[PDB]
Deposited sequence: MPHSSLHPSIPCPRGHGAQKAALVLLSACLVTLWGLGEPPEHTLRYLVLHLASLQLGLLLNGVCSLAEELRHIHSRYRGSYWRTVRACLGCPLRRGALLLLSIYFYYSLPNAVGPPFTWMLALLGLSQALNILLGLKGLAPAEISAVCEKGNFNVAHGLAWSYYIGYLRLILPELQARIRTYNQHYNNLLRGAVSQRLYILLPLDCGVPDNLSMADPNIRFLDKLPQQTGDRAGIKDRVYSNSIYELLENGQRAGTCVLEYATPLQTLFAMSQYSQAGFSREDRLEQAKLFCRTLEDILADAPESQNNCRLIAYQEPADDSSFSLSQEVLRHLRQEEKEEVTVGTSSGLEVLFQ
């Protein structure tokens, strides 16, 4: 469970499997109560599974009709890779297919039923009856890591935080020697609504600006001088300075907001809120394990309901 903010969803668990197990127990008890012959039960069950497997075969063929066009670009020119992409594993799938064919032909008309199954399966593709529910899609994305926020969080850590955080420790001490000493941490603001104004004082006038740390420079991706700059802010309580820290907005959140505005992005407000929460979770998880963040940085997540933002930083700064 995340410690940043209550609104952050936890990773999905096994609850579906437990519900399926309860359903299995109930179904078996019901079959025991009904008193129908066990052999007929087994026959019907195996026939149903065989029919499902054959429907899977036909759906895979329909998908293969599409994937073969991409054979060169996506599948590097191998027909077998395309076939596996459509069927998952041709060996296991072929074994189950042969078993299903044998059992469905033996146990019982085969040809008429096969045609009826193909007709049913074709309508599923054309009508779209097998479109997955939002929860099913969300679970698939989270397990596979097919998420916008996943890439943004790793991009943020790999590029910015990985480089600057080690140097941050040295730079802050240099500033304190040159100059009221500032806290020895970088504080990152995570607005779950993705506000992120470019001037921090506009967010809260109690946060006012102070001189900058020494610039950090590095050679990167063919640009010989990438300059990394950090600003210092003072926090006002009762109208006087009550804290001083190096402060940031998570810039990737600004990308999520902009994606929500552009029509070409295909990115909605609901996607923005879900991905914003996900971005916080994965960034929290990575920094926990990351060697670079010994004690160097702090994450602050908040959700505006007259807001406390200045007090929010102070609370963690005092903490």
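Colleague: Where does the structure fail to cover the deposited sequence at the C-alpha level?
Modeller: Missing C-alpha atoms (numbering from 1) occur across the ranges 1-2, 111-115, 187-191, 318-321, 336-354.
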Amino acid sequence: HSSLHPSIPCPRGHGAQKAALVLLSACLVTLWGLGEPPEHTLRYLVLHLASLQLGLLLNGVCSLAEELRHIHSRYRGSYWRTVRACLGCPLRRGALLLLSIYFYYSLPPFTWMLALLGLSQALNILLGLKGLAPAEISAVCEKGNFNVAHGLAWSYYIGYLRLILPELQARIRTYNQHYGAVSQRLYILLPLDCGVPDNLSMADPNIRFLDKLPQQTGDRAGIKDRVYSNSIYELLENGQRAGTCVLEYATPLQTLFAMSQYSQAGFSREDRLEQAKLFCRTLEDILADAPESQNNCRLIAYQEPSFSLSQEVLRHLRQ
From here on, numbers count along this sequence of modelled residues.
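Under this definition, the rigid core comprises the largest set of C-alpha atoms superposing within 1.5 Å between the forms.
Colleague: Overlaying the structures in 8 other deposited structures of this protein on the rigid core, point out which of 206-214 and 152-160 has the bigger RMS C-alpha shift.
Modeller: Once the core is superposed, the stretch further away in 8 other deposited structures of this protein is 206-214.
Colleague: Quick one: core-superposed, which stretch strays further from the shown model in 8 other deposited structures of this protein, 239-247 or 69-77? Go by RMS C-alpha distance.
Modeller: It is 69-77 that deviates more in 8 other deposited structures of this protein.
Colleague: Hey, does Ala221 drop out of the model in a third or more of the other PDB entries compared here?
Modeller: Yes, left without coordinates in at least a third.
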